Protein chains: 4
Amino acid sequence: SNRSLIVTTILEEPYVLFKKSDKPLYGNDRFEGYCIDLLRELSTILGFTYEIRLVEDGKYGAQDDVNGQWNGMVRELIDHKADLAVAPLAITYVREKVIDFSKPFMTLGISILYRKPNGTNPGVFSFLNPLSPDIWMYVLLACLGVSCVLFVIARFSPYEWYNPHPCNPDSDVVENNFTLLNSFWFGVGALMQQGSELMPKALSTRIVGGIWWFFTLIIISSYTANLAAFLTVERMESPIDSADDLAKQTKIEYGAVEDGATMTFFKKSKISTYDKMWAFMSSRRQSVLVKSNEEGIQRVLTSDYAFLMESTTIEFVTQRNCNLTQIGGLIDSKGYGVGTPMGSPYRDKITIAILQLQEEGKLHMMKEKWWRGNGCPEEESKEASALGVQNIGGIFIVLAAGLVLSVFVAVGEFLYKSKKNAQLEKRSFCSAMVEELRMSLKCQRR
Amino acid sequence: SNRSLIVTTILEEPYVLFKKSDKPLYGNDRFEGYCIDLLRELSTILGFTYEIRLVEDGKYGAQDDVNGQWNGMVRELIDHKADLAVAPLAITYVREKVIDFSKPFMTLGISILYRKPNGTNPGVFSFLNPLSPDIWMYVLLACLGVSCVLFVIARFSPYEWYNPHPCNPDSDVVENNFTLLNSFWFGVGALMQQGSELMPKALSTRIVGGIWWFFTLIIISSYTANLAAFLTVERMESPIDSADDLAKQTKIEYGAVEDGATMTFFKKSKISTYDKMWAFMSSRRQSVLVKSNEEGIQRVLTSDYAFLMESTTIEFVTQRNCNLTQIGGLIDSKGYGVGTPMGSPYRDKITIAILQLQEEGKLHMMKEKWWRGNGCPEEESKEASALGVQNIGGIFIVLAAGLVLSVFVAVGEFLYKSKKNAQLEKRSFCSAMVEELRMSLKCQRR
Amino acid sequence: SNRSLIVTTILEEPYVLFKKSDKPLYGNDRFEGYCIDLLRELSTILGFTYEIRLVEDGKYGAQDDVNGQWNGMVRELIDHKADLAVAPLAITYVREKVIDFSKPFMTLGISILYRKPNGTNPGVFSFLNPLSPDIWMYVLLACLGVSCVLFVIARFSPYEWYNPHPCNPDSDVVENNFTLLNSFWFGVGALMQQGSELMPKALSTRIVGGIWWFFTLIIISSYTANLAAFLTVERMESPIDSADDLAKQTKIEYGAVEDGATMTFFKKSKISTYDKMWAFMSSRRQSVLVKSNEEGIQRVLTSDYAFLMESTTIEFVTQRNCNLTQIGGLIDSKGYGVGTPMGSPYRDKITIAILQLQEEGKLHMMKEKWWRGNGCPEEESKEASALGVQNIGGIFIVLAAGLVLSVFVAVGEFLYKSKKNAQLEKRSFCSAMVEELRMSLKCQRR
Amino acid sequence: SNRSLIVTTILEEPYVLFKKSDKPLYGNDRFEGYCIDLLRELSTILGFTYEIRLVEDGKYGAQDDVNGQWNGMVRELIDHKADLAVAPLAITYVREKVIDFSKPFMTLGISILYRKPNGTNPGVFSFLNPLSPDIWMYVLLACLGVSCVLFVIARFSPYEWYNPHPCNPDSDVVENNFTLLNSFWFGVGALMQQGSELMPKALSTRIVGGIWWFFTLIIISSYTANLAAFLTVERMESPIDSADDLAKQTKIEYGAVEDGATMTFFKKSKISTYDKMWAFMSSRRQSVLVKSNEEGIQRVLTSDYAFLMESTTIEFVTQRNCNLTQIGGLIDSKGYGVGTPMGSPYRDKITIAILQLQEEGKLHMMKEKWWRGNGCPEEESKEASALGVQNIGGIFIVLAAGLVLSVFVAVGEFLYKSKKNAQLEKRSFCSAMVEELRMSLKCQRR
Ligand SMILES: CCCCCCCC/C=C\CCCCCCCC(=O)O[C@@H](COC(=O)CCCCCCCCCCCCCCC)COP(=O)([O-])OCC[N+](C)(C)C
Ligand SMILES: CCCCCCCC/C=C\CCCCCCCC(=O)O[C@@H](COC(=O)CCCCCCCCCCCCCCC)COP(=O)([O-])OCC[N+](C)(C)C
Ligand SMILES: CCCCCCCC/C=C\CCCCCCCC(=O)O[C@@H](COC(=O)CCCCCCCCCCCCCCC)COP(=O)([O-])OCC[N+](C)(C)C
Ligand SMILES: CC(C)CCC[C@@H](C)[C@H]1CC[C@H]2[C@@H]3CC=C4C[C@@H](O)CC[C@]4(C)[C@H]3CC[C@]12C
Ligand SMILES: O=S1(=O)NCN(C2CC2)c2ccc(F)cc21
Ligand SMILES: O=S1(=O)NCN(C2CC2)c2ccc(F)cc21
Ligand SMILES: O=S1(=O)NCN(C2CC2)c2ccc(F)cc21
Ligand SMILES: O=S1(=O)NCN(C2CC2)c2ccc(F)cc21
Ligand SMILES: *[C@@H]1O[C@H](CO)[C@@H](O)[C@H](O)[C@H]1NC(C)=O
């Protein structure tokens, strides 16, 4: 029938926390958190009766050097007003001089919080990138230009008018093949490297086709080479994953809680990587050292802000917000711990207790309960450097647009020929219906 | 001041090891390492003197299960024949109930050692990789697609029905050279940049040949550019990435030291992933359970294998050798700690001391000394080996597959004709040997 | 201990500057910088106290040439109204004959500031760059070469003399389709990957068409690959690289502060390079001689210009701005030094002191503090802009040049034929207008 | 008529040095060096008479901490046995406590010495690199393989034997064009992307040509892509130019003089770059810290040795040996100086003198005299990333080899046809001479 114990906690999340319910009448039934699950299991295997009681200051603990005294939870331990400190109260060199701890039950770390890479969004015309929109207009102007020149040269040049029926010699007919329609077909035929028939014959037309070929060879070998340059630097581009990789940047900005434990590390740092990281912060001590963790989250979502905090509070917000991530490893290495008054007969019986809960694996079950929650749809890390339908893609759009464009021209040829010969003969339909049957007659004659 | 301290320590890799020098007589300088460098600052802040001994029955410590009867270092700390036991000694619930520990000075867990992804077996069909397998299906649906629309328009257009036989004008003959067979041949011919022997007249089927040419120019330039992106910046990856990925597969096989801290972890575990992993090792004992750490690396380094040791021992071996890396995060969490006999006041003194050295970062500065090294910086400079049969051997397979497909068609064409030669009032079997002599007639006439 | 020391100092960029904060009243904290950070370790080793004043007539110091009558800081050190004069004061023969100096704590010389090579005007004929201009000459000597050897073998081979007119066999007709004109056309046709309408039979001219095809496949694949190498990793360079390179040119124009240490250097020089450079500036005074340092950067940053100041002032400006760099090595060599009145024993004390701070590297640690910064790390990540008229505008020039060349040939072919129409017993002038009506006859017959 | 002065020097080069001549009888006419040119000009403008006298120890100066005394030149200054120290005696913190200096007359620096990049030597067949020598054998085996298959299929397939004289209908002849000679010409014609006539007609031969086209498209797009990978990483490869860039390496090894002033800098270094540089040296204190400068030069020429010394002695050996260079800037910053006894009336009159020689520019003339010598043919920094005749080059060898091979085949066709018809007719020569005339008859008939 010993005295019940009096623990002092602080309202952090997923740490101790009011039970979300109506009908208010509660003793120790107010609080519902990670540590209240921890205080329950430590009470079972040691056999004591706790009585939770919040801290009055609302602070962890610090030493006002002017007064030379303490505040917060750690003052309640010194004056023996409480005797347990089940809390996120970390382990520092200044605290252990005054009060006594147990062994750690969670491992902290400093790590970088930052927005996920949102995506690419190439737009499904990305094949059209490696030349300027001036060049794609000028090439199409050149192919209409050179075709209109080649039609004019093939009229005037007398060596072009050769003899048709080349297999039937000794007649009197001449015919050049470069009409207006075929002259575009030589230009388009040479532009897409496929060649054509009706090659130029006279030397005045050999020069035009001889120099248009050299125009196509430089364009297509430039489009192939430049598209290799886009796809090389995209795979060669890597997202940042370090503190040192984020140290070299200047466009992406740092951040911390004002006069917290994170700022304390960088002023006392001696690493050359971390030394310049304090130099960028102290240069900008108006816009990145914001106030606290709650304002540090909001600045990441609305900027290029790369806030730094402890590794636990990263792992709770990345599970509750799938926009965010945990770039980088662990900078520092700290730990939590149940605190006790100086020289008390409980720093051992909790040290025994925390290890026994570790052997049975309960601390990992208590962490996966509270820190995972409403399981994220996360994965979606496609990033596949292989041309899908997000990229090239739209070449099938202009392909299908061309084939539909052809069918309206095919109706145009079908109507124009059917109304041409019908002005010589039978009126409209008995000329048109017999052409559809002559089409539908599968025999290769008529 | 009083008499010196007998620091009982075991000898391992980079904590305590002999000097490699001359004059083999030294005494009290016979051991050096990280753990020895820890003691040099331990005697600086807290004043004491050394008599570093090595344990005569060198082990860490365990039960007897028949006499209780501890071994290793911690057997010496009970009988007070020793002192502070600064070593790679791990905090465990069984050990803490007997002697004492300080608060930990190094964190560690269980993680996975595995061969680094090499990239010298990419698969024999590696050339498909620059395009997504949707697009390889889509260009066949395009090439079979456009050829069918080419066949419809070529019969629908009246200007395609042209006059053959230019040696003989003024006839009734008419050809429509695009069959169903030739229409696929124009599409396949333009797809492979080789042209064809026929070509569209009659403008409504010029657009189809026009827009299909521009389709093939973008695809082949996209295939050439993206294949140039692969051979410039290679990006290899591991098959398995976490313990959950390694739990599912059975191609790679697992590994753990028998009767060690790792094997006893999975026997006591109750996670559904790890209980599957212990169900593996219990079945295949004496084949995957190594008997020592050094034999365990050789199982990775020779065979296809995965190994599970403590994370600090991984972080040294992966700096020495470049063949192998660490896969995944830390599974468990335990700590190394300074041993101390039960009730000695040096426990609380070193606990203050280790937190002091943490604040300047002397622990981190010493860990950089005794785990860094060569660094394996050869993940650069991209040697760019020549293409060979390891990479593009797949096209020699699909070349021979086409020719074997061709002979089955060539027999099918030979047997189809003799059926219609049997339609001309002959024997089907006799007319086969008649035509086979005509192939072997070998003259180029009739 | 005695009274304090009146440290007379001028105010400049990053040596001594005001604080940017609130509470404008401070006193003895009103100045901070590199040179102020030097004094903090100067009072640490050698004990003294501060009364930092600023010089009322702020200059460094020079003659009067009419009254002698020094100015600046060193006028105060003569009359003993001052003390140690730690500042950007330079050791010079005229100054050392009057007061004293310590041994120098910073080395510096005269070097050249200039615009960074940008790379946004590569030249309009930039596509010639992947091949050497020997090879562009060599493929024309090959294409004119192989076509001539094609013409010889085609007449030398009896199997090329084949039978034309396949509609009519059993004749005496024979063609040799390779003329001199067609032989160049086959070479140009195979060079531009377009094929031709004629093709060799007769095996001895198949090898020529065989080996020329393999010649063109290697060249065009080499042009495409090397052009892809340029657009991936750009490598810009400066026009001038040293003072000797800048001495020869007259396109870029020089620059120096009037009546400064730089302008007085070149007037006294006797090196043949620099005497040419002073012959430039004496001719073009009031156009290239700036009147202040800050106006001198603006001449570089706006116009095409080169500037010559001290090397330390360059090394700060090039860290702040990214538009401009340093070109070449140091020309002169001078030093900064702590001033001291004539005969004061503080000269030899600081001389010991500066050598002390050099040994730990406190000078180098402070110089990293007050000259580094943003660093301009943007010489990475290779934005890979699209090809445009700045880069491949040259082929539109050589396209239009070919067509204007074509019309002069087309007139030459039209006038050549009417000469032989005048050979058929007609007027040369009258038969021209007869044939010009036949082009304008516009019917496709006779 | 004051006393003549007694200077003590040491036999360094280009410092004081015996005059290379016979007929030995010399006073102060022995020595002939940089400093003897310096001692001459200081004697003129101050008006004293020197008397040179070498040091007896042969050492610069050092403090044996066991004895607590000095040696070398600096002991001769303390005991007043000499009174000048015109030498390469540097300025250190330990020397200036005991003796007094003048201002520096030369600026040292620590810099890295290393072998020049010897070259590339691609071998002029470098186009043949991006495929393995197995692939270039297998492609040539495939083109002989597929051609021999296509000849066999075109014999058996009855749809291949179409009608010749296609312009002359209604005859009875059949003729397939796929002979043995044309079947190779289809394979070679499709291999180099140029196409051909005599396209396959029956579906059994459409499959062979349909799948050989896909074989060529993968090969040529692989050869283009892989050659881009070679030429990208060659431009992306950069030679080392830093100390930090050489810090990351492990294949290229460091080096220093045993217990010299260079080793003194790295043990007292605090830069994280330089700290690991001492870690690599102290790990290998048997093979890189060789003995001295004379053995340090020989190790660079015969290894991958990257020796470190002062900046002056680099600049003398790189002018006398064009194999070597001065990679990197200046690590440290030191200086030389005329030394004097402690508190002597000459540390000022030399300080005045050295500046007056600096204003007239004589120290730069005295440096360009002795440190340049037998002016190097240096420049040869072509390194032009543009395909010259060192690269591709050899495609002109196989081009010229093919054209010479053709002419021996052309004689073979000319002899075989001339001896074929002559067995029907006229004996040998009057058939052969009339074919040469029929060749030489320029008319296109016969
Ligand atoms: C860069 C390189 C590009 C260029 C490529 C260069 C590469 C060069 C590589 C090689 C070049 C070799 C040239 C070929 C020489 C032959 C000559 C010829 O063709 O004409 C001849 C046709 O003879 C024939 O070849 C066709 C025969 C028709 C039917 C035969 C059926 C075979 C049976 C199926 C077998 C199935 C059994 C096996 C299956 C398991 C006729 O003309 P002739 O010669 O005047 O007449 C000779 C008459 N005599 C023969 C009686 C004397
Ligand atoms: C794969 C295709 C193979 C075929 C090859 C055929 C092309 C080979 C022919 C010629 C190339 C050889 C000349 C290049 C020499 C250096 C360039 C130069 O100095 O440019 C200068 C002159 O500006 C120009 O006028 C450009 C150079 C001539 C190109 C104009 C003719 C194009 C060919 C028309 C017919 C084509 C069709 C012909 C066949 C039907 C200025 O430019 P830049 O910015 O100062 O350049 C820097 C170079 N530099 C550092 C040395 C100064
Ligand atoms: C992806 C896309 C690829 C495909 C490309 C698609 C792109 C499409 C773009 C364009 C397509 C447009 C088609 C053209 C329509 C014409 C029809 C035709 O050709 O036949 C006609 C030939 O008429 C001629 O055009 C040739 C006449 C020859 C002599 C004329 C010389 C001109 C004088 C020099 C001038 C110098 C002065 C200026 C100098 C500064 C005849 O056939 P018909 O029509 O039955 O008869 C009509 C008779 N009527 C006219 C009396 C009614
Ligand atoms: C579909 C709408 C826009 C109408 C298009 C009309 C086009 C397709 C028609 C109208 C007149 C036609 C031309 C009339 C006569 C000839 C001469 C013949 O020897 C070849 C075809 C050719 C050259 C035709 C080509 C197609 C043509 C240009
Ligand atoms: O409170 S501690 O025992 N002392 C400091 N350490 C170390 C990083 C070594 C750590 C690291 C992680 C912890 F959880 C606790 C501690
Ligand atoms: O042996 S401990 O003091 N107690 C158990 N824990 C925890 C896993 C929470 C840890 C975690 C890391 C350590 F370094 C030590 C310990
Ligand atoms: O003011 S000095 O002591 N005298 C002149 N010298 C020398 C050029 C040798 C130098 C060179 C660099 C300095 F920093 C100082 C001096
Ligand atoms: O003998 S010193 O005046 N003291 C040290 N300094 C340096 C600040 C680097 C230098 C640098 C170059 C010198 F030539 C002399 C000196
Ligand atoms: C340069 O030539 C020397 C002399 O044999 C040779 O040892 C060295 O390897 C060459 N350099 C390179 C980079 O191959």
# chains A, B, ... in the order shown; residues from 1 in each chain; ligands from 1

$ interface_residues --of "chain B" --to "chain A" --cutoff "7 Å" --atoms "only C-alpha atoms" --output "count of residues only"
43

$ residues_around --residues "region 242-254 of chain B" --least-positions-apart "6" --cutoff "9 Å" --atoms "only C-alpha atoms" --output "PyMOL selection string"
chain B and resi 111-112+273-274+276-277+280-281+288-289+304-308+327-329+331

$ select_by_dssp --residues "region 40-279 of chain D" --states "alpha helix (DSSP H)" --output "VMD selection string"
chain D and resid 40 to 46 73 to 78 93 to 96 135 to 156 180 to 191 203 to 236 244 to 247 261 to 267 272 to 279

$ select_by_dssp --residues "region 14-191 of chain B" --states "strand (DSSP E or B)" --output "ChimeraX atom specification"
/B:17-18,31-32,50,53-54,90,101,106-108,110-115,131,162,175

$ write_last_selection --atoms "N, CA, C and O atoms" --output "PDB file, in the first residue's frame"
ATOM      1  N   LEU B  17      42.992  -3.493 -31.664  1.00  0.00           N
ATOM      2  CA  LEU B  17      43.845  -4.345 -32.477  1.00  0.00           C
ATOM      3  C   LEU B  17      45.302  -4.013 -32.188  1.00  0.00           C
ATOM      4  O   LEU B  17      45.620  -2.940 -31.667  1.00  0.00           O
ATOM      5  N   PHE B  18      46.183  -4.960 -32.511  1.00  0.00           N
ATOM      6  CA  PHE B  18      47.609  -4.770 -32.275  1.00  0.00           C
ATOM      7  C   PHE B  18      48.181  -3.724 -33.221  1.00  0.00           C
ATOM      8  O   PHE B  18      47.671  -3.500 -34.320  1.00  0.00           O
ATOM      9  N   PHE B  31      47.900  -2.283 -27.894  1.00  0.00           N
ATOM     10  CA  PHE B  31      46.556  -2.239 -28.447  1.00  0.00           C
ATOM     11  C   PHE B  31      46.247  -0.822 -28.907  1.00  0.00           C
ATOM     12  O   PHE B  31      46.554   0.141 -28.202  1.00  0.00           O
ATOM     13  N   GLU B  32      45.624  -0.694 -30.078  1.00  0.00           N
ATOM     14  CA  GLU B  32      45.196   0.614 -30.558  1.00  0.00           C
ATOM     15  C   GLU B  32      44.010   0.437 -31.493  1.00  0.00           C
ATOM     16  O   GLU B  32      43.831  -0.617 -32.106  1.00  0.00           O
ATOM     17  N   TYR B  50      45.784   3.327 -16.708  1.00  0.00           N
ATOM     18  CA  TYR B  50      45.471   2.098 -17.430  1.00  0.00           C
ATOM     19  C   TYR B  50      46.255   0.865 -17.008  1.00  0.00           C
ATOM     20  O   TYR B  50      47.423   0.961 -16.620  1.00  0.00           O
ATOM     21  N   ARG B  53      44.117  -5.192 -20.150  1.00  0.00           N
ATOM     22  CA  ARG B  53      44.342  -6.621 -20.212  1.00  0.00           C
ATOM     23  C   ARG B  53      43.448  -7.162 -21.318  1.00  0.00           C
ATOM     24  O   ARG B  53      42.532  -6.479 -21.776  1.00  0.00           O
ATOM     25  N   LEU B  54      43.707  -8.381 -21.765  1.00  0.00           N
ATOM     26  CA  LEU B  54      42.834  -9.041 -22.716  1.00  0.00           C
ATOM     27  C   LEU B  54      42.280 -10.276 -22.032  1.00  0.00           C
ATOM     28  O   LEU B  54      42.973 -10.913 -21.235  1.00  0.00           O
ATOM     29  N   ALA B  90      27.410  -5.242 -25.966  1.00  0.00           N
ATOM     30  CA  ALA B  90      26.072  -4.788 -26.303  1.00  0.00           C
ATOM     31  C   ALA B  90      25.156  -4.881 -25.093  1.00  0.00           C
ATOM     32  O   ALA B  90      25.247  -5.826 -24.305  1.00  0.00           O
ATOM     33  N   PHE B 101      25.482  -1.015 -17.076  1.00  0.00           N
ATOM     34  CA  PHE B 101      26.022  -0.417 -18.283  1.00  0.00           C
ATOM     35  C   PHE B 101      25.934   1.093 -18.175  1.00  0.00           C
ATOM     36  O   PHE B 101      25.143   1.637 -17.405  1.00  0.00           O
ATOM     37  N   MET B 106      27.243   4.293 -29.168  1.00  0.00           N
ATOM     38  CA  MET B 106      27.144   3.955 -30.580  1.00  0.00           C
ATOM     39  C   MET B 106      25.859   3.180 -30.800  1.00  0.00           C
ATOM     40  O   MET B 106      25.593   2.207 -30.092  1.00  0.00           O
ATOM     41  N   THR B 107      25.072   3.611 -31.773  1.00  0.00           N
ATOM     42  CA  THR B 107      23.825   2.948 -32.109  1.00  0.00           C
ATOM     43  C   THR B 107      24.038   2.014 -33.288  1.00  0.00           C
ATOM     44  O   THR B 107      24.856   2.276 -34.171  1.00  0.00           O
ATOM     45  N   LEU B 108      23.278   0.924 -33.303  1.00  0.00           N
ATOM     46  CA  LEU B 108      23.435  -0.091 -34.330  1.00  0.00           C
ATOM     47  C   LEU B 108      22.182  -0.945 -34.379  1.00  0.00           C
ATOM     48  O   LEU B 108      21.408  -1.006 -33.420  1.00  0.00           O
ATOM     49  N   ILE B 110      20.328  -4.416 -37.074  1.00  0.00           N
ATOM     50  CA  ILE B 110      20.550  -5.511 -38.007  1.00  0.00           C
ATOM     51  C   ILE B 110      20.114  -5.049 -39.387  1.00  0.00           C
ATOM     52  O   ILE B 110      18.982  -4.590 -39.562  1.00  0.00           O
ATOM     53  N   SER B 111      21.005  -5.149 -40.370  1.00  0.00           N
ATOM     54  CA  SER B 111      20.647  -4.838 -41.745  1.00  0.00           C
ATOM     55  C   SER B 111      21.303  -5.856 -42.667  1.00  0.00           C
ATOM     56  O   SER B 111      21.966  -6.793 -42.218  1.00  0.00           O
ATOM     57  N   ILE B 112      21.124  -5.662 -43.969  1.00  0.00           N
ATOM     58  CA  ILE B 112      21.354  -6.699 -44.966  1.00  0.00           C
ATOM     59  C   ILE B 112      22.557  -6.326 -45.817  1.00  0.00           C
ATOM     60  O   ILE B 112      22.591  -5.245 -46.416  1.00  0.00           O
ATOM     61  N   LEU B 113      23.533  -7.224 -45.878  1.00  0.00           N
ATOM     62  CA  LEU B 113      24.662  -7.103 -46.785  1.00  0.00           C
ATOM     63  C   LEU B 113      24.381  -7.926 -48.034  1.00  0.00           C
ATOM     64  O   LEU B 113      23.830  -9.026 -47.948  1.00  0.00           O
ATOM     65  N   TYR B 114      24.785  -7.400 -49.189  1.00  0.00           N
ATOM     66  CA  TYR B 114      24.461  -8.013 -50.472  1.00  0.00           C
ATOM     67  C   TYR B 114      25.427  -7.479 -51.521  1.00  0.00           C
ATOM     68  O   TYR B 114      26.054  -6.435 -51.331  1.00  0.00           O
ATOM     69  N   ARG B 115      25.561  -8.230 -52.613  1.00  0.00           N
ATOM     70  CA  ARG B 115      26.400  -7.832 -53.737  1.00  0.00           C
ATOM     71  C   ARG B 115      25.888  -6.544 -54.374  1.00  0.00           C
ATOM     72  O   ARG B 115      24.681  -6.353 -54.527  1.00  0.00           O
ATOM     73  N   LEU B 131      12.256   2.124 -75.394  1.00  0.00           N
ATOM     74  CA  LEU B 131      10.843   2.423 -75.539  1.00  0.00           C
ATOM     75  C   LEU B 131      10.026   1.572 -74.577  1.00  0.00           C
ATOM     76  O   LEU B 131      10.417   0.461 -74.217  1.00  0.00           O
ATOM     77  N   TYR B 162      -4.861   3.682-112.482  1.00  0.00           N
ATOM     78  CA  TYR B 162      -4.082   4.277-113.554  1.00  0.00           C
ATOM     79  C   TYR B 162      -3.865   3.265-114.676  1.00  0.00           C
ATOM     80  O   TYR B 162      -4.362   2.140-114.641  1.00  0.00           O
ATOM     81  N   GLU B 175      -4.571  -0.989-113.489  1.00  0.00           N
ATOM     82  CA  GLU B 175      -4.056  -1.625-112.295  1.00  0.00           C
ATOM     83  C   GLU B 175      -4.273  -0.723-111.094  1.00  0.00           C
ATOM     84  O   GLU B 175      -4.478   0.486-111.212  1.00  0.00           O
TER      85      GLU B 175
END

$ residues_near_ligand --ligand "ligand 9" --cutoff "10 Å" --atoms "only C-alpha atoms and all ligand atoms" --output "list in words"
residues 115, 116, 117, 118, 119, 120, 121, 301, 302, 303, 304 and 323 of chain D

$ write_last_selection --atoms "C-alpha atoms" --output "PDB file, in the first residue's frame"
ATOM      1  CA  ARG D 115      53.388  14.503 -65.273  1.00  0.00           C
ATOM      2  CA  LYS D 116      51.663  16.107 -68.251  1.00  0.00           C
ATOM      3  CA  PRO D 117      48.879  14.139 -69.942  1.00  0.00           C
ATOM      4  CA  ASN D 118      50.991  12.302 -72.513  1.00  0.00           C
ATOM      5  CA  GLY D 119      48.210  12.068 -75.066  1.00  0.00           C
ATOM      6  CA  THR D 120      45.443  10.001 -76.571  1.00  0.00           C
ATOM      7  CA  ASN D 121      46.912   7.813 -79.362  1.00  0.00           C
ATOM      8  CA  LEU D 301      58.715  10.229 -64.360  1.00  0.00           C
ATOM      9  CA  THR D 302      58.470   6.499 -63.582  1.00  0.00           C
ATOM     10  CA  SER D 303      55.110   6.250 -61.780  1.00  0.00           C
ATOM     11  CA  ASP D 304      51.772   7.986 -61.124  1.00  0.00           C
ATOM     12  CA  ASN D 323      57.260  16.529 -69.596  1.00  0.00           C
TER      13      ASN D 323
END

$ atom_distance --atom1 "atom 49 (N, counted along the ligand's line) of ligand 1" --atom2 "CA of residue 160 (chain C)"
20.5 Å

$ atom_distance --atom1 "CA of residue 73 (chain D)" --atom2 "CA of residue 341 (chain D)"
11.2 Å
